[PDB]
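fold the stuff below for me.
(2 chains, ligands or ions: 15)
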Amino acid sequence: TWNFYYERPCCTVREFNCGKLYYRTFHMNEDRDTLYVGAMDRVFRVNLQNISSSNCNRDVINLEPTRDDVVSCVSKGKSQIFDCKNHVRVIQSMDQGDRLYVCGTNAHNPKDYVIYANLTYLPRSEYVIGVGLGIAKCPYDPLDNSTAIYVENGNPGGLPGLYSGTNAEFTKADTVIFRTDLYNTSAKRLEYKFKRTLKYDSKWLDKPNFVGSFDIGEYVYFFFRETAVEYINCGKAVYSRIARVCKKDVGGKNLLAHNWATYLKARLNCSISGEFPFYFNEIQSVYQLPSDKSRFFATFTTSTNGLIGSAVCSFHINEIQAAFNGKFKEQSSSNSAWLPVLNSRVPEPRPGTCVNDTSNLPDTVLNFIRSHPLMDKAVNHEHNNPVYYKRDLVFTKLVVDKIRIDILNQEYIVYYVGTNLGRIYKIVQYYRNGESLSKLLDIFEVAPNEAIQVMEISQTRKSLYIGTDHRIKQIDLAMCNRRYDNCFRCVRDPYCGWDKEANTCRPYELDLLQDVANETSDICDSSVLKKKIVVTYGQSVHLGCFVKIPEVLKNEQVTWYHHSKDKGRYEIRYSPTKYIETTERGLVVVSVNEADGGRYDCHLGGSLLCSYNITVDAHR
Amino acid sequence: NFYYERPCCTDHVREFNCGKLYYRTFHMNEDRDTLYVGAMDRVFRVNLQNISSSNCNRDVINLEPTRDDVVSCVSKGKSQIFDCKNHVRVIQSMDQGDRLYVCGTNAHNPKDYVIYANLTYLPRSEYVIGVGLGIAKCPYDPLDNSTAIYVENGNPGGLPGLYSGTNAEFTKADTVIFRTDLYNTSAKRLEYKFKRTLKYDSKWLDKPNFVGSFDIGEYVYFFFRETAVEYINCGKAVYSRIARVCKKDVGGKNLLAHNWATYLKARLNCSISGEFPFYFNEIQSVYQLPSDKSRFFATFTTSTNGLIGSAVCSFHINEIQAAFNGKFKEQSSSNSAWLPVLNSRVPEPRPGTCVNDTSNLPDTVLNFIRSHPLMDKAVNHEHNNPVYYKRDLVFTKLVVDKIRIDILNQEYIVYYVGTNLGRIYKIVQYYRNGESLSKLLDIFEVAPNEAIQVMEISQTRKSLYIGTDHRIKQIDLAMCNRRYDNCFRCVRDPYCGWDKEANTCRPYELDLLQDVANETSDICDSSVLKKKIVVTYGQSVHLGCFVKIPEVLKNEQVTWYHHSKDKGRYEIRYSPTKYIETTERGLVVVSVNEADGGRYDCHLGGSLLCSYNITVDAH
Ligand SMILES: *[C@@H]1O[C@H](CO)[C@@H](O[C@@H]2O[C@H](CO)[C@@H](O[C@@H]3O[C@H](CO[C@H]4O[C@H](CO[C@H]5O[C@H](CO)[C@@H](O)[C@H](O)[C@@H]5O[C@H]5O[C@H](CO)[C@@H](O)[C@H](O)[C@@H]5O)[C@@H](O)[C@H](O[C@H]5O[C@H](CO)[C@@H](O)[C@H](O)[C@@H]5O)[C@@H]4O)[C@@H](O)[C@H](O[C@H]4O[C@H](CO)[C@@H](O)[C@H](O)[C@@H]4O)[C@@H]3O)[C@H](O)[C@H]2NC(C)=O)[C@H](O)[C@H]1NC(C)=O
Ligand SMILES: *[C@@H]1O[C@H](CO)[C@@H](O[C@@H]2O[C@H](CO)[C@@H](O[C@@H]3O[C@H](CO[C@H]4O[C@H](CO[C@H]5O[C@H](CO)[C@@H](O)[C@H](O)[C@@H]5O)[C@@H](O)[C@H](O[C@H]5O[C@H](CO)[C@@H](O)[C@H](O)[C@@H]5O)[C@@H]4O)[C@@H](O)[C@H](O[C@H]4O[C@H](CO)[C@@H](O)[C@H](O)[C@@H]4O)[C@@H]3O)[C@H](O)[C@H]2NC(C)=O)[C@H](O)[C@H]1NC(C)=O
Ligand SMILES: *[C@@H]1O[C@H](CO)[C@@H](O[C@@H]2O[C@H](CO)[C@@H](O[C@@H]3O[C@H](CO[C@H]4O[C@H](CO)[C@@H](O)[C@H](O[C@H]5O[C@H](CO)[C@@H](O)[C@H](O)[C@@H]5O)[C@@H]4O)[C@@H](O)[C@H](O[C@H]4O[C@H](CO)[C@@H](O)[C@H](O)[C@@H]4O)[C@@H]3O)[C@H](O)[C@H]2NC(C)=O)[C@H](O)[C@H]1NC(C)=O
Ligand SMILES: *[C@@H]1O[C@H](CO)[C@@H](O[C@@H]2O[C@H](CO)[C@@H](O[C@@H]3O[C@H](CO[C@H]4O[C@H](CO[C@H]5O[C@H](CO)[C@@H](O)[C@H](O)[C@@H]5O)[C@@H](O)[C@H](O)[C@@H]4O)[C@@H](O)[C@H](O[C@H]4O[C@H](CO)[C@@H](O)[C@H](O)[C@@H]4O)[C@@H]3O)[C@H](O)[C@H]2NC(C)=O)[C@H](O)[C@H]1NC(C)=O
Ligand SMILES: *[C@@H]1O[C@H](CO)[C@@H](O[C@@H]2O[C@H](CO)[C@@H](O[C@@H]3O[C@H](CO)[C@@H](O)[C@H](O)[C@@H]3O)[C@H](O)[C@H]2NC(C)=O)[C@H](O)[C@H]1NC(C)=O
Ligand SMILES: *[C@@H]1O[C@H](CO)[C@@H](O[C@@H]2O[C@H](CO)[C@@H](O)[C@H](O)[C@H]2NC(C)=O)[C@H](O)[C@H]1NC(C)=O
Ligand SMILES: *[C@@H]1O[C@H](CO)[C@@H](O[C@@H]2O[C@H](CO)[C@@H](O)[C@H](O)[C@H]2NC(C)=O)[C@H](O)[C@H]1NC(C)=O
Ligand SMILES: *[C@@H]1O[C@H](CO)[C@@H](O[C@@H]2O[C@H](CO)[C@@H](O)[C@H](O)[C@H]2NC(C)=O)[C@H](O)[C@H]1NC(C)=O
Ligand SMILES: *[C@@H]1O[C@H](CO)[C@@H](O[C@@H]2O[C@H](CO)[C@@H](O)[C@H](O)[C@H]2NC(C)=O)[C@H](O)[C@H]1NC(C)=O
Ligand SMILES: *[C@@H]1O[C@H](CO)[C@@H](O)[C@H](O)[C@H]1NC(C)=O
Ligand SMILES: *[C@@H]1O[C@H](CO)[C@@H](O)[C@H](O)[C@H]1NC(C)=O
Ligand SMILES: [Cl-]
Ligand SMILES: [Cl-]
Ligand SMILES: [Cl-]
Ligand SMILES: [Cl-]
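Numbering: from 1, shown residues only, chains lettered A, B, ... in the order given. Ligands and ions are numbered 1, 2, ... in the order given. Next comes the structure:
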């Protein structure tokens, strides 16, 4: 039994673990080398350089509910062990990181806070006006999918405020996209009233699950999936949406003063191209690169039992704005069709555009947008197809990394996509011959049968951070020297390069070998070593390049060759009595004789992978 | 010394090949032991017992288009090699089989014929009135999907007539479901005018592709896929339909006389169950057993480029009639949703029901049905899940067979499903505990990369007949000895039985072993392959039952058990240093020692597949 390469299992890599605390909220602050984690009854300040160095009892603030709040929550039929806890669901930086805004479920009684960055309470004299009640700022239910973002700049009066998407009621009958009251916190006076979507109006929102929100220029964008109201007459479906509000929105003048006057939403299109596209309807997560505010990356799943499938799509801000600039959709009555409105038949100023004072808008614009929140055009995804899609898996969360290779400034986009079963799919995207291409590079086993709940990526520490309900894992982005003991896998990873002279994989450098796009399939040929083995007569010998072949290679074509003086190099054909194929793509040679000696070559995916030289010796 | 799956099937397989003639139309006549085949410019009279015994030049009638018809077709931009040919698309039995009704595309100028059974023309004195022009009876385009059925009984006046679904114009603008003029042949008089769907009305038909038509009781049924008009406001889809007309239909009066007065259609529902069902939207073929008119069997595919799949669904006549007895659908204006009609708004007699003279119907009934052809309820498939479905396959045609082991209590349905790549999937359906189960039994290789165009099954010759554009194949239904060299797969086939004495698979008889429904999982235990191996100490040994594991068994659970003196029977767990799993569900035991001797059992699907006895020789 002979094996060339042993690729180390990944990644059941550092861990932070304080029990099953439902680690579902991340807020990274690289300026303080900290990953803030919201969990059950707790905010942790986790060290970004090495999460294992943090202490469960020191790097924490305990926010457990009062026993009075627990009893009241239990009295309403909720569970003492899980529901009637304070699950932290918002953590946002304030005052240049000196303080944190925190919101938690607080035993189905949402409560929010402002605390110091070191996780201590403000003095009583320093309590921030307008903070305490978390209703509409974060959910009651720890299983909800909500979103929030704290926005310092661009709001009315230049005042900071929280934008949120969550359920605002214990019965879950009031989902809302929300902005808090805006205070002059020094003067202790409320300046701008809160904003909310129209209650009881299924055209604005219908059972949404929120997956992200972003502060970009003059707007705040919200990402969510919801009941597809415009599909009801044809069947049952969930659609994905991006909603947009103007930061300067102050609502209408009198009885519309608390509702958005600029709220618009559009369907998100993630689909396989064709005469009849295959749509992935349910967005699960969205991410934006720190260096690129013009793009969003998102995961989508199907809704059906019979065809489980998931995809990654990206969307450009230009295509989002084209949707919001296109025709509005209209259902003039409950039993009518949904029809486009000619843009020339829309009132002015254009609904959804940021005017100086929405409270001065004509009633005809206010009335229009209240009945036309949905755009007729869907937001097209970049390129013709998803970045990546695959059957029988449920993508959940994702982050994205952008890297440039030094030798010729080649750019690669790397997706880290979590699953409901605790795996990470590592996908690389690149452009060749005018087209967008992607390759699945690796599957990480992070936590068997533990759904990925939250992900973050640090550029200062070159690490991936992954939250499940049981643990946090930290994975180095460049696992070159540890994970790759072979040129084959090394040159396919955009973080790595193969050092032929040293026979090692290293974080990429100019002189190192790399071929992410598979343009030079012989790049590792001179690095393939020939292992010389001695086999006794009649004995069977197991030849394999990997002890366990990486899962992403299991479907590649494998060809074995034997070198003889009479045949030259010829392809080995599997037979029941001589040449057996193993599930790990190995070769078993049965009853080795003199003619079976010599060189064996294993090619995988069109590249020489490993090579053996067999010498046959007597049974001694 | 292993199980070996013999390739199949490029116990016999016969071929009829006269070149690439696009053999796409079958008409089987078992009484005359003949398979009539319609092809390019030709109808063949193929021997049903042995299709290879037929001659390409003797058992054929040449129906090539005239020079003017070719010239006219070529001048319109159509290809002379393929488009401007006479592709036969309808063959039906007439006069107790003494004559055949034939319709061909005739270089985009459809023409029809009545010929003798021996494929010779009638004399001029016998030319049949109303026969000659094939418009609305079979398509212009050889690539069109059309259907037609010649109906002898139940029409007005008791006269025979052709029912068809096809395109009636060269421009393909006018798709029609049609009934020909009904003549009294003896008296040479037209008795009833033709019937057609409402011209250019996209709510009656919208770019349909027809896959079948059936004559049942007082109705003719049509199966087709079409643009989903009731879906247009939500997106772009194709839906599958069953449509129904009363054979007694004579239309309305005045400008309504030439239109159906009983035409209804309903969506066909083939889907995987769930909170969000997965629909297979595009019906490709439909089949009825000769002995059971209460059920329809059909293939469906998806519409997408990515993540494609196909399914087989069955439909019962009780669900079909429930759809046509349900509420009508209605879009009252171009700005209206599609909604059910209140039953109090439905006039009497009920639209779509068969009356003795539809031209005597009240205005309200005729106006209602002409504006409400689509029923609100979809036709639910039996069992609420497909009989079978598979990703990444494109099903085309199918035929179905019914097997009854009658001294036992079992009944089995075997589906033969062709693919666009020349394969046949053989699926068995059976009922246990009242729930429907299915198993993929086999995958025949009929013609690599040649789409299956037409299929027929003969009970008198117990044969499967398959047509592609290049060839015709005839396959014995009982391939028992040729296909299965082992008890394990033999007992799973409803046609076959394992002979314990001769140790061979034979066509099923009483006292042979069979277990299609896996009700006796140890039935083959005494018949499985059993091998004894003497290995030397430290030597490795490869154990395996199959030379190559059959494709259809690649999904089953395989478990290896070891009987040692020190540990009894226990499950072997794979490990790179001791127990190496091999590609064909085998096992390599590495560096055998004394404790590794004994019995090794391989289980597949929970049944013993083969067994090894290892004795270790000390060195
Ligand atoms: C594939 O299968 C098919 C079906 O199985 C095969 O088809 C068979 O093919 C054969 C060969 O062609 C057919 O046989 C032949 O039939 C014809 C027609 O027969 C009928 O008409 C005859 C002529 O009638 C006129 O003339 C007589 C006599 O002068 C006169 O009394 C009549 O009144 C009539 O005259 C008038 O009408 C004319 C217009 O019709 C006017 O122009 C004219 O001026 C007058 O006004 C008639 O004699 C004949 O009668 C016979 O048959 C009937 C029953 O059908 C019977 O009742 C009678 O007593 C007679 O027995 C028919 O009414 C015929 O003309 C052919 O004759 C030649 O061949 C025979 C030998 O077979 C010789 O004896 C003759 O002298 C003559 O040379 C021949 O009989 C057959 O009908 C047909 N079968 C079917 C069911 O269609 C086909 O062959 C297969 N193909 C292959 C490749 O294998
Ligand atoms: C083909 O066969 C398959 C298998 O046999 C079959 O599958 C079932 O498919 C359904 C989905 O279609 C699965 O789910 C159920 O769906 C029921 C229907 O729900 C929808 O339709 C409602 C009615 O709409 C009609 O009326 C309007 C009027 O304006 C019209 O436009 C429409 O076109 C249509 O004609 C619609 O109201 C409803 O929307 C409301 O409710 C949802 C949430 O329920 C909400 O989000 C919306 O905002 C809106 O308020 C929806 O669009 C549904 O009734 C059913 O729910 C009951 O049963 C479940 C248990 O399954 C309970 O949990 C629930 O509380 C309800 O009591 C359920 O949701 C169903 O599971 C499949 N069944 C199987 C066995 O797989 C297909 O339907 C067949 N297809 C066809 C075309 O026939
Ligand atoms: C999400 O993002 C994806 C990818 O970016 C978008 O994908 C595009 O989707 C459309 C479908 O929505 C694909 O098809 C197009 O369909 C339209 C409309 O088609 C229908 O209406 C026609 C007019 O009424 C009718 O003629 C059509 O019927 C014919 O074709 C169908 C099959 O297509 C067939 O079944 C019929 O028998 C007819 O033969 C059909 O009912 C159509 O107008 C488009 O194109 C025509 O014109 C262009 C310009 O010349 C030509 O290039 C086309 O070939 C066609 O002739 C087109 O067919 C379209 O292919 C998808 N595009 C890609 C790149 O994949 C998707 O729309 C987005 N969704 C949303 C909600 O935004
Ligand atoms: C915020 O977003 C998240 C992410 O999208 C939402 O999370 C999803 O929530 C739903 C509903 O809560 C979850 O579904 C449930 O999972 C429960 C646990 O799973 C078991 O079964 C798994 C396998 O499933 C089996 O059944 C199917 C059915 O055909 C078979 O095909 C399959 O082969 C299996 O046999 C096991 O792997 C697992 O170990 C568990 O054993 C289920 O119990 C649950 O079903 C129950 O509830 C149904 C109604 O919800 C009811 O119909 C059933 O009868 C049963 O009572 C259901 O399947 C998703 O798993 C979860 N996704 C992720 C990624 O976490 C979340 O809901 C959302 N928040 C809000 C507030 O909406
Ligand atoms: C009648 O039904 C058949 C079967 O459903 C239809 O055939 C399908 O037709 C499409 C369109 O021509 C074929 O797709 C094409 O594939 C080729 C390459 O394979 C590509 O170059 C084309 O652009 C197109 O994508 C499809 O293969 C074919 N399927 C089979 C099984 O033949 C046919 O179109 C129907 N007839 C009419 C008139 O619609
Ligand atoms: C990350 O921090 C943890 C905890 O400080 C380190 O783990 C300890 O390392 C010391 C020194 O090697 C050992 O004596 C302890 O036994 C380790 N503890 C555990 C729980 O393993 C870890 O080495 C640090 N990782 C890096 C890369 O610095
Ligand atoms: C947590 O942070 C707060 C605020 O930064 C710290 O409080 C201050 O502590 C410094 C150091 O003694 C004083 O000079 C300031 O006057 C304090 N300000 C206030 C408002 O109290 C606090 O000491 C930190 N706590 C821990 C444990 O690190
Ligand atoms: C079916 O018909 C074919 C064709 O007549 C038969 O095959 C021929 O068999 C003879 C006798 O061995 C050969 O000389 C010919 O060369 C064969 N023809 C071809 C085209 O190969 C076949 O035996 C028949 N099968 C039966 C009767 O079961
Ligand atoms: C075929 O039938 C056998 C016998 O009932 C099935 O085996 C049983 O499976 C259940 C559930 O997995 C086990 O609890 C029993 O111990 C099994 N019995 C034996 C004797 O193995 C088997 O699963 C069936 N196979 C298929 C594919 O349905
Ligand atoms: C890499 O390229 C070779 C030939 O250039 C090809 O045979 C092989 O399939 C490719 N592998 C992958 C993973 O694309
Ligand atoms: C056709 O008409 C003739 C006489 O006109 C008659 O004998 C025959 O029965 C009619 N056929 C039918 C089917 O009614
Ligand atoms: Cl939590
Ligand atoms: Cl416009
Ligand atoms: Cl076999
Ligand atoms: Cl043809």
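
quick one, helices of chain A?
Taking DSSP state H as the criterion, chain A contains helices spanning A:67-75, A:317-325, A:363-371, A:480-483, A:487-490.

for the closest residue to residue A:218 other than its chain neighbours, grab the count of nearby residues.
Of all residues not flanking residue A:218 in the chain, residue A:354 sits nearest, at 5.1 Å (C-beta to C-beta, 6 or more residues apart in numbering or on different chains). C-beta here means a position set from N, CA and C on the backbone, and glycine is covered the same way. Using other C-beta atoms under 10 Å in any protein chain shown, residue A:354 has 16 other residues around it.

and the stretch 201-350 of chain A, which residues reach ligand 6?
Residues of the stretch 201-350 of chain A lying close to ligand 6 (C-beta under 6 Å from any ligand atom): none.

give me the residue from the stretch 201-350 of chain A nearest ligand 1.
residue A:275 (48.5 Å; C-beta to the nearest ligand atom).

flag every buried residue along stretch A:526-544.
By 16 or more other C-beta atoms under 10 Å in any protein chain shown, the buried positions in stretch A:526-544 come out as A:527-528, A:535, A:539-544.

in chain A, which residue is most central in space?
By C-alpha atoms, centre = their mean, chain A has its centre lying nearest to residue A:398, at 1.2 Å.

give me the number of residues near the nearest residue to that one once chain neighbours are set aside?
Sequence neighbours aside, residue A:417 is the residue nearest to residue A:398 in space, at 4.6 Å (criterion: C-beta to C-beta, 6+ apart). Look at residue A:417: counted by other C-beta under 10 Å, it has 30 neighbours.

repeat for residue A:109
Residues contacting residue A:109 under the criterion other C-beta under 10 Å number 21.

same deal with residue A:613?
Look at residue A:613: counted by other C-beta under 10 Å, it has 14 neighbours.

output the helices of chain A as CSV; include the columns mean neighbour count and distance to residue A:53.
As requested, the helices of chain A are exported to CSV (neighbours: other C-beta atoms under 10 Å in any protein chain shown; distance: least, C-beta to C-beta, whole Å):
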stretch, mean neighbour count, distance to residue A:53
helix A:67-75, 14, 33
helix A:317-325, 17, 39
helix A:363-371, 17, 52
helix A:480-483, 18, 19
helix A:487-490, 26, 29
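
tell me which of the ones you listed lies nearest to ligand 14.
Nearest to ligand 14 among those is helix A:487-490 (36.9 Å), distances taken as C-beta to the ion.

from the contact counts, what lies against the closest one?
strand A:496-499, strand A:504-507 (3 or more C-beta pairs under 8 Å, 6 or more residues apart in numbering or on different chains; DSSP states H and E).

what does the last one rub up against?
By C-beta atoms under 8 Å, 6 or more residues apart in numbering or on different chains, the surrounding residues in contact with strand A:504-507 are A:478, A:480-481, A:483-487, A:489-490, A:495-499, A:512.

and if we set it to 7 Å?
The contact list for strand A:504-507 (C-beta atoms under 7 Å, 6 or more residues apart in numbering or on different chains) reads A:478, A:480-481, A:484, A:490, A:495-499, A:512.

and the closest residue to residue A:256 other than its chain neighbours, how close does it get to ligand 12?
Distances taken as C-beta to C-beta, 6+ apart put residue A:366 closest to residue A:256, at 5.9 Å, once the chain neighbours are dropped. With the distance defined as C-beta to the ion, to the nearest Å, residue A:366 ends up 39 Å from ligand 12.

residues near the residue of the stretch 201-350 of chain A closest to ligand 1, how many?
Using other C-beta under 10 Å, residue A:275 is surrounded by 9 other residues.

try residue A:502
9.

narrow the contacts of strand A:504-507 to just the buried residues.
The neighbour count (16+ other C-beta under 10 Å) marks A:478, A:480, A:484, A:490, A:495-499, A:512 as buried among the contacts of strand A:504-507.

now, which of these sits nearest residue A:413?
residue A:495 (12.9 Å; C-beta to C-beta).

what's near enough to touch residue A:265?
Contacts of residue A:265 by C-beta under 7 Å, 6+ apart are A:241-243, A:373-375.

among the residues you listed, which two are most distant?
Farthest pair in those (C-beta to C-beta) is A:242 and A:373. Separation: 12.3 Å.

out of the two, which sits in the busier spot?
Taking other C-beta under 10 Å, residue A:242 and residue A:373 do not tie; residue A:242 has more neighbours (26 against 22).

mind checking the helices of chain A for the one nearest to residue A:291?
Among those, helix A:317-325 comes nearest to residue A:291, with 14.2 Å by C-beta to C-beta.

in space, what's closest to residue A:36 - neighbours in sequence excluded?
Nearest non-adjacent residue to residue A:36, counting by C-beta to C-beta, 6+ apart: residue A:27, 4.2 Å away.

surely the one you found meets residue A:89?
No. Using C-beta atoms under 7 Å as the test, residue A:27 is too far from residue A:89 to be in contact (11.1 Å).

residue contacts, whichever residue of the stretch 401-550 of chain A sits closest to ligand 14?
Relative to ligand 14, the nearest point of the stretch 401-550 of chain A is residue A:540 (26.3 Å; C-beta to the ion). By C-beta under 7 Å, 6+ apart, residue A:540 lies in contact with A:588-592, B:539-540, B:542.

this completes my enquiry, with thanks.
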